[PDB]
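Have a look below at one chain only, the form deposited in one PDB entry, in structure tokens format.
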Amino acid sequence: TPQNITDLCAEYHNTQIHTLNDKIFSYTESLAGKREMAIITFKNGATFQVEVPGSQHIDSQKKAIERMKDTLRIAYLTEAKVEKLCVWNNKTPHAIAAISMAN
């Protein structure tokens, strides 16, 4: 298994690391049909989503998607610094695959 988010990210196509080293500026979530998603931004203007669960996702990802939205919410509310995001870059906004928090 990978030892860090960068090596994990590199195991997948259509991904990249964004380095933030900053707390989340805004947290948005929706229960509207077909847009059951979260959106976060940073004060540098960067915007990211947790995608709506879809047919691209495998069964094991369903709980992890829910966990990620839990993580983003509590990160936002505690002003935790986000180090990096691994995202898929074939979606707009870029879609979160992984998060690291440090410092």
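For clarity, a rigid core is taken as the largest C-alpha set superposing within 1.5 Å between two forms. Just count from 1 along the sequence shown to find any residue number. Only residues modelled in both forms are compared.
The deposited model assigns a higher average Cα B-factor to 37 to 45 than to the other stretch when 37 to 45 and 68 to 76 are compared. A summary of the deposited B-factors shows that, of 57 to 65 and 26 to 34, the stretch with the larger mean C-alpha value is 57 to 65.
Placement of the Cα temperature factor of residue 21 within the chain: middle third of the modelled residues, per the deposited record. Placement of the Cα temperature factor of residue 85 within the chain: middle third of the modelled residues, per the deposited record.
Just so you know, the form deposited in another entry exists too; it's not on screen, but the next bit is about it.
Core-based superposition between the shown form and the other one shows that, of 26, 30, 56, 78, only 56 has its Cα displaced by 2 Å or more. After superposition on the rigid core, the sole stretch of at least three consecutive residues with Cα shifts of 2 Å or more between the shown form and the other one is 54 to 61.
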